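Asks: Quick one: the structure is below, questions incoming.
Number of protein chains: 2
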Amino acid sequence: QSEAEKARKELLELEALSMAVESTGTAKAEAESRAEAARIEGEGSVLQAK
Amino acid sequence: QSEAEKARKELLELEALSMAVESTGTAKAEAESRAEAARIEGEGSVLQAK
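Structure representation (structure tokens):
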């Protein structure tokens, strides 16, 4: 079990990176989809006001 | 049982590291996913206000 835990620490160190990529990708993809829509709506609003 | 406890201390000393990696990786992955989204929303908000 001690040898399994030496190996398991490295697996947990890798899962911490896989979980950071999956979480940041999801959060960034949603936030950037809102930022693009709000910029399109904002640039459109400047012309509509004109 | 005394010989088993000498070996078991080393296993528990290793599990304390595995448990620190699993807990810190989970906490960091969530917090950084919020920090990235809140930065995208903040930089987007500066342009929307402009």
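Sequences listed follow chains A and B, in order. Here the first sequence is numbered in the UniProt record's numbering, starting from 696 and rising by one per residue. Here the second sequence is numbered in the UniProt record's numbering, starting from 696 and rising by one per residue. Even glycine gets a Cβ: it sits at the ideal position worked out from N, Cα and C.
1. CA-CA distance, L742 of chain A and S718 of chain A?
2. Counting C-beta neighbours from all protein chains within 10 Å, is the total for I735 of chain A 16 or more, i.e. buried, or is it exposed?
3. Thinking just about the alpha-carbon of each residue, which of B:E738, B:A715, B:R703, B:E708 is nearest to the one in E708 of chain A?
4. So, is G737 of chain B buried or exposed, given that buried needs 16 or more other C-beta atoms within 10 angstroms?
5. Is it right to say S728 of chain B is buried, meaning 16 or more other beta carbons lie within 10 angstroms of its own, or is it exposed?
6. Whose Cβ in chain B lies nearer than 7 Å to the Cβ of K745 of chain A?
7. Does the beta-carbon of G720 of chain B have 16 or more other beta-carbons within 10 angstroms, so that it is buried, or is it exposed?
8. Assign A726 of chain B to one of two classes, buried (16 or more other C-beta atoms within 10 Å of its C-beta) or exposed (fewer than that).
Replies: Concretely, from the data shown:
1. Rounded to the nearest angstrom, the gap between the Cα atoms of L742 of chain A and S718 of chain A is 37 Å.
2. Exposed is the label assigned to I735 of chain A, since fewer than 16 other Cβ atoms lie within 10 Å of its Cβ.
3. When C-alpha distances from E708 of chain A are compared across B:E738, B:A715, B:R703, B:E708, the shortest belongs to B:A715.
4. For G737 of chain B, the number of other beta carbons within 10 angstroms of its own is below 16, and it is reported as exposed.
5. With a 10 Å radius around the Cβ and a threshold of 16 neighbouring Cβ atoms, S728 of chain B comes out buried.
6. Chain-order list of chain B residues neighbouring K745 of chain A: empty, with the shortest C-beta distance near 16 Å, by a criterion of under 7 Å.
7. Around the beta carbon of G720 of chain B, 16 or more other beta carbons sit within 10 angstroms, so the residue counts as buried.
8. Exposed: under 16 other Cβ atoms inside 10 Å.
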